[PDB]
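Undergrad: Sequence plus experimental coordinates follow:
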Amino acid sequence: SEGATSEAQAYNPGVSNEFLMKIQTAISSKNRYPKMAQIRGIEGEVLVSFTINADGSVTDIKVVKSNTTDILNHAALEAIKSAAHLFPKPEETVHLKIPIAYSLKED
């Protein structure tokens with residue numbers, strides 16, 4: 001209970017949490033639960049990645065690791081595809097990873 005917005009920055013050692021926190025709220029805003037999975041109550045986690053080029057745009061959007069069904073893996077990645085235009089613009093090509101989670105419970 002009562003941690004911080006910080007497990008995603010721990011995946012990208014060297015990133016500022018103040019920068020990385022802006023990614024999490026951009027994805028979560030367009031993130032949606034796949035209604036078909038909730039009929040049975042499938043849950044888990046999806047470690048999604050992407051690259052932001054020095055052109056100030058997002059590319060190479062993919063699931064690197066997962067511990068859930070492929071419909072949930074793709075629904076997590078749809079929020080990266082939907083937040084790609086919402087991410088900040090760097091002076092450099094940079095590669096980032098965010099663990100997305102899906103669950104119905106409180107824990």
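TA: Thanks, I have the structure now. Residues are numbered from 1 along each chain as shown.

Undergrad: buried residues in stretch 95-105?
TA: Of the residues in stretch 95-105, 96, 97, 98, 99, 100, 102 count as buried by neighbour count, 16 or more other C-beta atoms under 10 Å. All C-beta spots, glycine's among them, are computed from the backbone N, C-alpha and C.

Undergrad: between those residues, which is closest to residue 11?
TA: The closest of the buried residues of stretch 95-105 to residue 11 turns out to be residue 97 (C-beta to C-beta; 4.5 Å).

Undergrad: ok so that closest one is a strand residue?
TA: Yes: checked against DSSP: H, G, I helix; E, B strand; the rest coil, residue 97 lies within a strand.

Undergrad: what about the residue nearest to residue 38 when sequence neighbours are not counted, is that helix, strand or coil?
TA: Computed as C-beta to C-beta, 6 or more residues apart in numbering, the closest residue to residue 38 that is not its neighbour in sequence is residue 104, at 6.8 Å. The local conformation at residue 104, judged by three-state DSSP, is coil.

Undergrad: close enough to count as contact, residue 104 and residue 44?
TA: No: Residue 104 lies out of contact with residue 44 (C-beta atoms under 8 Å); the separation is 11.4 Å.
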